[PDB]
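Novice: Structure in structure tokens, see below.
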Amino acid sequence: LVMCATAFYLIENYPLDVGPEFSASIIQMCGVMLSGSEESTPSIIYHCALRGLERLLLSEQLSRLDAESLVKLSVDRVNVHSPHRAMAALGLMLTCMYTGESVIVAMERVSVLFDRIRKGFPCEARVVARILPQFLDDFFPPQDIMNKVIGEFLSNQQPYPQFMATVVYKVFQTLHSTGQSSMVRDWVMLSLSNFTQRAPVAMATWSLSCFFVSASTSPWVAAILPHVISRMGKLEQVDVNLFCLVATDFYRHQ
Amino acid sequence: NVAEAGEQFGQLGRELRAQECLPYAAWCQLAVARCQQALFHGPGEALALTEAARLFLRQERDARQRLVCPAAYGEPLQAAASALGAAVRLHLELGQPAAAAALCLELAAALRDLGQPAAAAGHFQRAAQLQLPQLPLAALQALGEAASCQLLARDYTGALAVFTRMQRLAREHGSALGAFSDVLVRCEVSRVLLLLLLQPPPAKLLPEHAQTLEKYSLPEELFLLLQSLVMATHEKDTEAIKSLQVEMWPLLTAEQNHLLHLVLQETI
């Protein structure tokens with residue numbers, strides 16, 4: 001552990017005093033170790049060589065060919081099973097995109113975040129639902145962000161829409177900027193056609209009430225959503241009356 | 001000469017333990033082992049390297065247990081696991097992999113004592129694969145001390161990997177006997193308190209995890225209160241879960257009493 005820590009202190013501060021061939025070969029030795037199994041390289045050796053890799057990228061010293069070697073190793077470790085092992089690998093996918101065909105290659109990185117919701121423990125996927133509201137608003141415009149969310153919200157292989165319910169809420173209220181608040185309205189129309197092909201009858205009506213809340217008026221409809229996503233199943237006579245009130249204020253919102 | 005050089009270093013190491021220094025009697029034992037590489041003594045060459053392992057782990061019960069020093073920082077903890085690196089490699093060349101795993105269960109009972117419970121998880125799994133061909137009940141007691149490490153190290157997801165490996169051998173070796181009949185009582189009371197703690201999705205829910213949760217939704221006293229606790233967290237019943245810890249506290253041991261505490265908080 002102590003011997004990989006002084007390799008990182010040479011590449012940042014003192015590049016030229018060692019060879020340019022020596023900088024790119026400390027990157028490769030943390031591929032074999034970080035893509036080892038959960039018992040081949042221990043958890044204490046795992047978490048300490050990986051935190052030093054996102055240090056060197058934020059330093060402006062590495063070359064353009066030396067930086068993209070770190071991009072490939074971080075994709076293959078998000079889909080390992082241990083989430084404490086796989087929570088640290090999600091931090092490396094950000095910084096390469098935060099130091100940097102432009103439209104095309106960014107398609108592959110975004111769909112890696114959506115699968116950790118599907119496969120992955122609920123101690124892991126609390127982290128993934130706080131980022132992805134804020135994450136999509138920065139990179140690529142909201143006409144492209146809107147297609148991947150709902151089609152991966154409505155799917156039968158969604159283990160719980162409960163933590164996926166908080167993702168969709170924070171998107172629309174940043175889309176309630178004055179330029180794009182009317183473009184909020186067009187996406188509400190297409191998703192209603194998808195419900196007519198049915199989920200189970202208790203389950204299908206719950207997902208309708210969470211959507212119109214996030215696209216509604218400001219003062220009081222928006223605060224209902226943690227009361228809605230509290231009861232996910234378990235239909236009630238009190239549950240039937242709540243669906244009627246929400247989607248009619250949207251009829252006078254048009 | 002070189003035979004007579006080894007007998008001189010043995011008289012020096014014993015007059016120092018009564019003098020009670022012990023990094024230097026610990027340095028006296030590593031001189032006996034460097035001669036027997038010039039000759040070839042074999043299983044007696046590994047006897048000089050593991051009496052130097054007993055003497056660097058006694059310098060650090062006087063630095064982190066008896067004399068708890070904030071300036072103690074593991075120079076005889078780095079010294080303890082390096083004389084045991086040359087010891088395990090020399091049993092395998094002679095071909096006794098059952099003696100190689102006796103020396104690695106001594107290195108990992110110190111790291112649970114010196115407060116390093118994540119690298120203690122570690123070296124317990126190295127000594128089992130050197131025993132699974134040979135002693136499958138000496139190999140299943142090195143994996144029950146590996147589940148007491150990761151719950152100190154708070155590795156609750158890596159703790160599901162080591163509990164399904166204990167139960168897959170007793171259906172190959174035990175079906176249960178005895179010694180293997182008490183290894184299976186500990187592993188179906190503690191894989192049920194983890195799947196409510198962390199409730200896995202159906203992609204990462206294995207076909208072995210699928211079988212045990214249909215049976216609930218081993219002693220007749222404790223088999224009845226575990227079917228009742230998988231129901232409440234699926235009903236989110238705050239009054240049901242509180243009266244069971246009051247009535248399951250004498251039943252479990254305090255390794256299984258730690259996994260029931262972390263469920264009642266993460267549902268309340």
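Each chain of the structure tokens is named A, B, ... in the order shown, its residues numbered from 1; ligands are numbered from 1 in display order.
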For chain A, report every residue with an atom at most 6 Å from chain B (counting only C-alpha atoms), formatted as a list in words.
Specialist: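 Putting it all together, I get residues 119, 121 and 159 of chain A.
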Novice: Kindly export the residues of the current selection with C-alpha atoms, as a short mmCIF file (atom, residue, chain, number, x, y, z; two decimals), in the first residue's frame.
Specialist:
data_model
loop_
_atom_site.label_atom_id
_atom_site.label_comp_id
_atom_site.auth_asym_id
_atom_site.auth_seq_id
_atom_site.Cartn_x
_atom_site.Cartn_y
_atom_site.Cartn_z
CA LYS A 119 -28.82 -4.82 -10.33
CA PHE A 121 -28.33 -3.47 -3.41
CA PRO A 159 -37.01 -4.02 -9.17
#
Novice: Considering only helix (DSSP H, G or I) as DSSP defines it on the backbone, what residues of stretch 9-208 of chain A qualify? List them as a PyMOL selection string.
Specialist: chain A and resi 9-13+20-32+43-51+53-58+64-67+69-75+83-99+102-118+128-139+142-150+162-172+183-195+201-208
Novice: What lies within 12 Å of stretch 59-70 of chain A using only C-alpha atoms, ignoring chain neighbours under 3 positions off, as a PyMOL selection string?
Specialist: chain A and resi 8-16+20-31+34+50+52-56+73-77+89+92-100
Novice: Env of stretch 8-11 of chain B: 12 Å cut, atoms = only C-alpha atoms, seq-sep filter 2 positions within chain, self excluded. Answer as JSON, numbers by chain.
Specialist: {"B": [1, 2, 3, 4, 5, 6, 13, 14, 15, 16, 17, 24, 25, 26, 27, 28, 29, 30, 31, 32, 33, 34, 35, 48, 51]}
Novice: Nearest to residue A:1 among B:263, B:152, B:78, B:180, with distances taken over only C-alpha atoms: which residue is it?
Specialist: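 The shortest atom-to-atom distance to residue A:1 comes from B:78.
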Novice: Can you measure atom CA of residue A:174 to atom CA of residue A:217 for me? One decimal in Å is fine.
Specialist: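 According to the coordinates, atom CA of residue A:174 and atom CA of residue A:217 are separated by 13.4 Å.
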Novice: Skipping near chain neighbours, those fewer than 6 positions away, what residues fall within 12 Å of residue A:238 using only C-alpha atoms, listed as a compact mmCIF listing (two decimals) with N, CA, C and O atoms, in the first residue's frame?
Specialist:
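File produced: out_12.txt:
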# COMPACT_ATOMS: atom_id res chain seq x y z
N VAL A 228 -47.05 10.37 -1.67
CA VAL A 228 -47.53 9.45 -2.69
C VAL A 228 -46.64 8.23 -2.76
O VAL A 228 -47.12 7.09 -2.74
N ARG A 231 -46.82 5.07 0.09
CA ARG A 231 -47.57 3.86 -0.25
C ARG A 231 -47.44 3.57 -1.75
O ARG A 231 -47.98 4.24 -2.62
N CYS A 244 -57.71 11.22 -8.64
CA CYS A 244 -58.59 12.11 -9.39
C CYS A 244 -58.18 13.57 -9.24
O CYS A 244 -58.29 14.35 -10.19
Novice: Can you list, as a PyMOL selection string, every protein, DNA or RNA residue that comes within 9 Å of residue A:169 when you count only C-alpha atoms, leaving out same-chain residues fewer than 6 positions away?
Specialist: chain A and resi 133+210-211+213-215+222+225
Novice: Okay, now the selection with N, CA, C and O atoms, as an mmCIF file, in the first residue's frame?
Specialist:
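This went into again_28.cif:
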data_model
loop_
_atom_site.group_PDB
_atom_site.id
_atom_site.type_symbol
_atom_site.label_atom_id
_atom_site.label_comp_id
_atom_site.auth_asym_id
_atom_site.auth_seq_id
_atom_site.Cartn_x
_atom_site.Cartn_y
_atom_site.Cartn_z
ATOM 1 N N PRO A 133 -30.612 13.188 -11.151
ATOM 2 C CA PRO A 133 -31.296 14.453 -11.444
ATOM 3 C C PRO A 133 -30.333 15.548 -11.868
ATOM 4 O O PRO A 133 -30.479 16.135 -12.942
ATOM 5 N N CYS A 210 -47.707 9.824 -9.551
ATOM 6 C CA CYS A 210 -46.397 10.391 -9.244
ATOM 7 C C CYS A 210 -45.934 11.345 -10.335
ATOM 8 O O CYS A 210 -45.041 12.165 -10.111
ATOM 9 N N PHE A 211 -46.531 11.255 -11.521
ATOM 10 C CA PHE A 211 -45.995 11.980 -12.668
ATOM 11 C C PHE A 211 -46.580 13.382 -12.770
ATOM 12 O O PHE A 211 -45.863 14.340 -13.072
ATOM 13 N N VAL A 213 -47.777 15.213 -10.402
ATOM 14 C CA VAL A 213 -47.253 16.015 -9.303
ATOM 15 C C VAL A 213 -46.008 16.771 -9.731
ATOM 16 O O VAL A 213 -45.876 17.973 -9.467
ATOM 17 N N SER A 214 -45.099 16.098 -10.437
ATOM 18 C CA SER A 214 -43.830 16.713 -10.789
ATOM 19 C C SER A 214 -43.999 17.734 -11.905
ATOM 20 O O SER A 214 -43.151 18.616 -12.082
ATOM 21 N N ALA A 215 -45.086 17.640 -12.662
ATOM 22 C CA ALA A 215 -45.433 18.650 -13.655
ATOM 23 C C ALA A 215 -46.764 19.261 -13.247
ATOM 24 O O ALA A 215 -47.814 18.877 -13.769
ATOM 25 N N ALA A 222 -46.620 20.030 -5.380
ATOM 26 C CA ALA A 222 -45.267 19.485 -5.444
ATOM 27 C C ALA A 222 -44.837 18.846 -4.127
ATOM 28 O O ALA A 222 -43.895 18.048 -4.096
ATOM 29 N N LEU A 225 -45.542 14.505 -3.193
ATOM 30 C CA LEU A 225 -44.869 13.322 -3.737
ATOM 31 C C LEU A 225 -44.244 12.370 -2.709
ATOM 32 O O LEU A 225 -44.339 11.150 -2.930
#
Novice: Take atom CA of residue B:139 and atom CA of residue B:60 and report the distance between them in Å, one decimal.
Specialist: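 The value is 28.2 Å.
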Novice: Need to verify the contact set: residue A:131, 12 Å, only C-alpha atoms, exclusion of same-chain residues closer than 3 positions in sequence. Can you return it as number ranges by chain?
Specialist: A: 90-91, 94, 110, 113-114, 125-128, 134-138, 164, 166-168, 170-171
Novice: For C-alpha atoms, I'd like the residues from the last selection saved as a PDB file, in the first residue's frame.
Specialist:
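Heads up, here's the output in out08.pdb:
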ATOM      1  CA  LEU A  90     -18.488   5.243  -9.929  1.00  0.00           C
ATOM      2  CA  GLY A  91     -16.364   8.194  -8.859  1.00  0.00           C
ATOM      3  CA  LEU A  94     -17.232  11.319 -13.499  1.00  0.00           C
ATOM      4  CA  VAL A 110     -25.096   7.385 -19.118  1.00  0.00           C
ATOM      5  CA  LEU A 113     -25.751   4.454 -14.140  1.00  0.00           C
ATOM      6  CA  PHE A 114     -29.254   3.151 -14.869  1.00  0.00           C
ATOM      7  CA  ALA A 125     -28.756   2.574  -5.162  1.00  0.00           C
ATOM      8  CA  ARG A 126     -29.561   5.369  -2.735  1.00  0.00           C
ATOM      9  CA  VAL A 127     -26.427   7.039  -4.112  1.00  0.00           C
ATOM     10  CA  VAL A 128     -27.492   6.691  -7.733  1.00  0.00           C
ATOM     11  CA  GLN A 134     -28.362  16.867 -11.331  1.00  0.00           C
ATOM     12  CA  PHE A 135     -26.216  14.776 -13.700  1.00  0.00           C
ATOM     13  CA  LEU A 136     -28.343  14.962 -16.853  1.00  0.00           C
ATOM     14  CA  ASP A 137     -29.077  18.693 -16.686  1.00  0.00           C
ATOM     15  CA  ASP A 138     -25.412  19.598 -17.213  1.00  0.00           C
ATOM     16  CA  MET A 164     -36.627   5.635  -9.291  1.00  0.00           C
ATOM     17  CA  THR A 166     -37.238  10.524  -6.809  1.00  0.00           C
ATOM     18  CA  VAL A 167     -35.224  10.766 -10.045  1.00  0.00           C
ATOM     19  CA  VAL A 168     -38.078  12.059 -12.209  1.00  0.00           C
ATOM     20  CA  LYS A 170     -36.121  16.903  -9.610  1.00  0.00           C
ATOM     21  CA  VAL A 171     -35.820  17.005 -13.417  1.00  0.00           C
TER      22      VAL A 171
END
Novice: Find, counting only C-alpha atoms, the residue in B:177, B:227, B:214, B:80 that gets nearest to residue B:54.
Specialist: B:80
Novice: Restricting the calculation to only C-alpha atoms, which member of B:166, B:63, B:85, B:218 is positioned closest to residue B:46?
Specialist: B:85
Novice: Which value, in Å to one decimal, gives the distance between atom CA of residue A:227 and atom CA of residue A:252?
Specialist: 23.0 Å
